[PDB]
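A.B. asks: What follows is a structure written as structure tokens; I'll ask about it next.
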Amino acid sequence: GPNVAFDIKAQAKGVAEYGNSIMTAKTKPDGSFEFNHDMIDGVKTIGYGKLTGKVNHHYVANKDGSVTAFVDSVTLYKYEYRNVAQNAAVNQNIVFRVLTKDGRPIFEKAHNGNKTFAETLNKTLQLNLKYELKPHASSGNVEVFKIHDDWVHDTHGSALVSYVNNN
Amino acid sequence: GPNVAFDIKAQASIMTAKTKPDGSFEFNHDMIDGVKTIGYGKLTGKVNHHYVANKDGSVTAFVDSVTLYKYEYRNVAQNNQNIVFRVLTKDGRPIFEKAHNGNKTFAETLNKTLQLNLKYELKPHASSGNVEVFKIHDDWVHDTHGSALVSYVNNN
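Protein sequences, first through last, are from chains A and B.
Under this note's numbering, the very last position in the first sequence is 167; numbers go up by exactly one each time.
Under this note's numbering, the very last position in the second sequence is 1156; numbers go up by exactly one each time.
Rendered as structure tokens:
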């Protein structure tokens, strides 16, 4: 039967590809995963974010030692954020987004980073991918969704005129 | 005839003069980065107003419209930054929007007149108070955008 190593990881859009932005998720072989990120304000850590989910996949072993990996879909369960300290970039806000491979947003959460919370997504995104894998073959890195974790600084203002009759 | 003091200010980073009594103005703003200023923005325009003296001592200030000429940006320090400058009417309709990364110097021409059609009948020492004539957004995003990537290796 199969002898497949599964992983999931997150890499920031650079180009980069020097490997420094890569975060490996805690995973199980059934596809379960969990990403943890430190949120920086940026004098120190103000909180920890956690995205949980599961890749739905299954494997068929062949006689010759090759295997077929079916990557059916990927489910996102929760996004949680645990505030630890007060945000000292006090006019900046955080936006966390998850999007499909194709750029379509499916979750968005804007917040100031000072409140703990948990949001439930329970969103399954269909992939229907198949990798025919010879001995020692790798699928390589296959995007299954996108992530945005942004700092927003919004100086919103208005132009005010005034007139005084000095007589 | 008319003795009226005109002013224009920004309230909510956005500094407020220069101003001339004919209504011309410019707004200057600094983009900050850390505490090492990256560049300077400047928005120029003119308020279109005029004054009618009454026998009373009283004056009517007609605030007809405001014209926006240009938005200029000057990069002073080189270098994942989206910066967006917007101008909107006092009612919330965007009339100009510029996204940029901050590394290039540029000028955009707006030449937009926003009709105001306001009138303040001003008795001696009366004041219009603060009248909003348009809005500005000088937003700044630090992007960390990426992908979740799965991988499968056949270890046979």
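All C-beta atoms, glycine included, are put in the ideal place defined by N, C-alpha and C.
Examine the Cβ distances between the segment 1102-1113 of chain B and the segment 1051-1060 of chain B and report whether three or more of them are shorter than 8 Å.
C.D. replies: As far as the Cβ criterion goes, the segment 1102-1113 of chain B does not touch the segment 1051-1060 of chain B, which means the pair count is below three.
A.B. asks: Would you mind stating whether residue 1132 (chain B) and residue 158 (chain A) have Cβ atoms separated by less than 7 Å?
C.D. replies: Yes, Cβ-Cβ distance for residue 1132 (chain B) and residue 158 (chain A) is below 7 Å.
A.B. asks: Using 7 Å as the limit for Cβ to Cβ distance, is residue 1124 (chain B) near chain A?
C.D. replies: Yes, contact with chain A.
A.B. asks: Does residue 29 (chain A) come out as helix, strand or coil in the three-state DSSP assignment?
C.D. replies: Looking at residue 29 (chain A) - three-state DSSP - the assignment turns out to be coil, as it is neither helix nor strand.
A.B. asks: Which residue from B:1030, B:1153 and B:1149 puts its Cα closest to that of residue 55 (chain A)?
C.D. replies: Residue 55 (chain A) has its Cα closest to that of B:1149, out of B:1030, B:1153 and B:1149.
A.B. asks: Could you pull out every residue in the same chain whose Cβ sits closer than 7 Å to the Cβ of residue 145 (chain A), ignoring the five residues on either side in sequence?
C.D. replies: Cβ within range, chain order: 74, 98, 99, 100, 101 and 125.
A.B. asks: For chain B, find out if any of its Cβ atoms is closer than 7 Å to the Cβ of residue 58 (chain A); answer yes or no.
C.D. replies: Residue 58 (chain A) does not count as touching chain B.
A.B. asks: Of all the residues that make up the segment 1128-1147 of chain B, which are near chain A by a beta-carbon distance shorter than 9 Å?
C.D. replies: The segment 1128-1147 of chain B vs chain A, Cβ under 9 Å: 1128, 1129, 1130, 1131, 1132, 1133, 1134, 1135, 1136, 1137, 1138, 1139, 1140, 1141, 1142, 1143, 1144, 1145, 1146 and 1147.
A.B. asks: CB residue 1138 (chain B) to CB residue 155 (chain A), shorter than 7 Å?
C.D. replies: Cβ distance < 7 Å, so residue 1138 (chain B) and residue 155 (chain A) count as in contact.
A.B. asks: Name, in chain order, the residues that DSSP records as bridge partners for residue 1084 (chain B).
C.D. replies: DSSP output for residue 1084 (chain B) lists B:1099 and B:1139 as bridge partner(s).
A.B. asks: Kindly list the residues whose CB is nearer than 6 Å to the CB of residue 26 (chain A), restricted to its own chain and excluding five residues on each side of it in sequence; keep chain order.
C.D. replies: Counting only Cβ-Cβ distances below 6 Å, and skipping sequence neighbours, we find 34.
A.B. asks: What's the C-alpha gap between residue 132 (chain A) and residue 72 (chain A)?
C.D. replies: Cα to Cα, residue 132 (chain A) sits roughly 14 Å from residue 72 (chain A).
A.B. asks: Given that a residue counts as buried once 16 or more other Cβ atoms are within 10 Å of its Cβ, and exposed if not, what is residue 1050 (chain B)?
C.D. replies: Burial call: exposed.
A.B. asks: Rounded to a whole number of angstroms, what is the C-alpha to C-alpha distance between residue 4 (chain A) and residue 140 (chain A)?
C.D. replies: Residue 4 (chain A) and residue 140 (chain A): Cα-Cα distance of roughly 13 Å.
A.B. asks: I need the straight-line Cα distance from residue 130 (chain A) to residue 31 (chain A), nearest angstrom please.
C.D. replies: Spanning the two alpha carbons is a distance of roughly 15 Å.
A.B. asks: Classify residue 1151 (chain B) as helix, strand or coil using the three-state DSSP reduction.
C.D. replies: Here residue 1151 (chain B) sits in strand by DSSP.
A.B. asks: Alpha carbon to alpha carbon, how far is residue 1153 (chain B) from residue 1093 (chain B)? Give it in angstroms, no decimals.
C.D. replies: In a straight line, the C-alpha of residue 1093 (chain B) is about 53 Å away from that of residue 1153 (chain B).
A.B. asks: Along the chain, where does the beta strand (DSSP E) containing residue 22 (chain A) start, and where does it finish?
C.D. replies: Run containing residue 22 (chain A): none; DSSP gives neither H nor E here.
A.B. asks: Would you kindly work out how many angstroms separate the C-alpha atoms of residue 152 (chain A) and residue 1062 (chain B), rounded to a whole number?
C.D. replies: Going by the C-alpha atoms only, they are around 39 Å apart.
A.B. asks: Step through the CB atoms of chain B and report whether any lies within less than 7 Å of the CB of residue 65 (chain A).
C.D. replies: For residue 65 (chain A), the answer is yes, since a Cβ of chain B falls inside 7 Å of its Cβ.
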